[PDB]
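Going by the order they are written in, the chains are A, B, C, D, E and F; count residues from 1 in each one.
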Amino acid sequence: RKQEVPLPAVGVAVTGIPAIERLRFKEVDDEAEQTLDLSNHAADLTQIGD
Amino acid sequence: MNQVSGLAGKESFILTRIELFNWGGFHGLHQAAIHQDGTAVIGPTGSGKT
Amino acid sequence: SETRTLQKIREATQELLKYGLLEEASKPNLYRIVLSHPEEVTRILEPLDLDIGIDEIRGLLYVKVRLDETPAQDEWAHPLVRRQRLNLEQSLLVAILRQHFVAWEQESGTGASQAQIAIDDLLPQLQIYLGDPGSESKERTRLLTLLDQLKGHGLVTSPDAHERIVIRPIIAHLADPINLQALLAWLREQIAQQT
Amino acid sequence: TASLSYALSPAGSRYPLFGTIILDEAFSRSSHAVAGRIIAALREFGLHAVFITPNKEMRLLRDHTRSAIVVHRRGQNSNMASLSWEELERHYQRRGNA
Amino acid sequence: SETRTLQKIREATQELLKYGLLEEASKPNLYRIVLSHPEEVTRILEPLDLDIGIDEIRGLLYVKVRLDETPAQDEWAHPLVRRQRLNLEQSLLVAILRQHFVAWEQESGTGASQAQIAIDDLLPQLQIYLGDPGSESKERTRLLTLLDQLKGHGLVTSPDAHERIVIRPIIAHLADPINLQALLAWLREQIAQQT
Amino acid sequence: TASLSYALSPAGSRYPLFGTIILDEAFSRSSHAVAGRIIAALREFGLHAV
């Protein structure tokens, strides 16, 4: 007697509109190394062609 | 020409330093110093200037 | 070129849709905004076949499915209405709730949505119908499960700390004379075949 | 440049408190005399300036700036350096013989 | 009192709001109608800050937040469109399907009818990055579960009668394919290094 | 330049019947070697340039 009756539909909210923008992807953590590197390097050295 | 150089350092913040780090092609840490009396910049097309 | 509707209207309408109803004492701003442009609201919703009723005497607004261009219909079958239809078990609680709501209104006035009841009071009421399985754990479990389903339809706030709850006034517009009459008719119809 | 200079000059001053400015493609559309007209106006407006060029028309740059910043690409790597005009002249001469 | 929107347009609108999509393969005549009447559509949607993006190559209409530029919060916040962050399995499947769609259009051009992809090859691909839950049966079951979830977002068909499936052109406009491909290449490289 | 050669040349002939092209501010922003390579492109297409 789990039977459905035709009562009025009041308070009909709508939400969760399926817009593609709502999608975001897993924050797959990548921890190959720590970010400790800081050096200035010789990457500011000069040598150029013709 | 030279008068405004006196205005530089006296009246206004004159830029002589820039440090970058893993920005664009500047891998590691770079840095170049502006000259407080006018400075040029030069390099081939697509070298990190812009 | 463009004729962007009042951004304020956009906020109020989008919120109202987000919740299906809208209560003054909680969010009076969008509430008044819709009161300010009920026609614009309506024409905005009209393409969707969603329409706004109103209850100023208690501070409520809410949607309700239109009934046009596919006459009547079981409203719930509409695509956008987002939940499954009430079921007479729920309705059995619904009637009790409405009774308490109107009873409290008829002595504290219509000046608040704060019609309140304690869960334990319901227990005897259901106990008569759903019987007495003799274990407070089972009956109270089923009671809270029903209440949960209803708050899904938004009718009643979930239990507070004091095991007391507030009936949302939208209940009244559910337990309509007209709708109650259709319900009693269909119920006597069920009785006639159950026999 | 005039609008920028006055905008940067705080109340009680006619010169830009923030004296430095950047100028990409500093003169990629004008001949050296007219570029020098810009130089005169810009500098006269109390502006410390920096100039860019895609390896073109170096003469005026040497004329009214004191140093340069050399930048070169290597594969996907970008490199920077700050030199004075004369060190760059020596390096160029080191290339000239070849 | 008020006139009522064209029934066909209201139909297409309501469907497009239930599923965020309308397609030549699903409601092709509604598709033609809305294409002839996009202004009506956008007008209906704009009070809600909703608006369609369109794809005439692939016969796909789809929704997209209409909010304006330079917001106070750097990224939009919309009262209706709640956002999800998928679990790795789903995201990975989506990236797989995305590059699948890209490859299919690479070899067949834009708009060419999708070829079907076999569960038989999917389970390997999942195996590429997911190892093994304990059995091939569990692999297949969870694959079909996630495919059900994906069809829930309308990005794929149902598991067809032959244990293949087809891709929904909504994939052509996901949130950020760069996130997909970075993760995909990173995953394959990570497994290649680990082994 | 590739496209203009396409448009200017019917099938068969290796050169377009009108071989001349005009370049305002030609090379106004390309490093010298970059300008040389663009010139080489012009020559590959086999055009008379201004």
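Keep this in mind: a residue touches a chain if its C-beta (ideal position, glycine included) is under 8 Å from a C-beta of that chain, and two chains touch if they have at least 3 such contacts.
Of all chains, the one whose Cα centroid sits at the greatest distance from that of subunit A is F. Measuring from the average of all protein CA coordinates, the nearest chain centre is that of A.
Ranked by distance of CA centroids from subunit E, the top chain is D. With each centre defined as the average position of its C-alpha atoms, the distance from subunit D to subunit F rounds to 33 Å. If each chain is reduced to the centroid of its CA atoms, subunit E and subunit F end up 44 Å from each other. Look at where the CA atoms of subunit B average out and do the same for subunit D: the two points lie 9 Å apart. Multi-chain contact residues, meaning those touching two or more other chains, occur in subunit C at positions 17-18, 78, 80. Contact of a single residue of subunit B with at least two other chains is seen at positions 26-27, 30-32, 43-45.
Shown for subunit A are the residues that touch two or more other chains, namely 14-16, 43-44, 50. By the touch criterion stated above, subunit B contacts subunit D in their complex at residues 1, 4, 7-8, 11-15, 20, 24-27, 30-50.
Residue ranges of subunit C in contact with subunit E, taken from their complex: 4-5, 9-11, 13-15, 17-18, 39, 42-44, 46-49, 68-69, 78-80. Chain contact summary for the complex, subunit E toward subunit A: residues 17-21, 50, 62-65, 80-88, 91, 94-95, 153-154, 170, 173-176, 179-180, 183, 186-187, 190. Note for the complex: subunit D touches subunit A at residues 70, 72, 77, 79-81, 83, 91, 95. Those residues of subunit A whose C-beta lies close enough to touch subunit C in the complex are 1-16.
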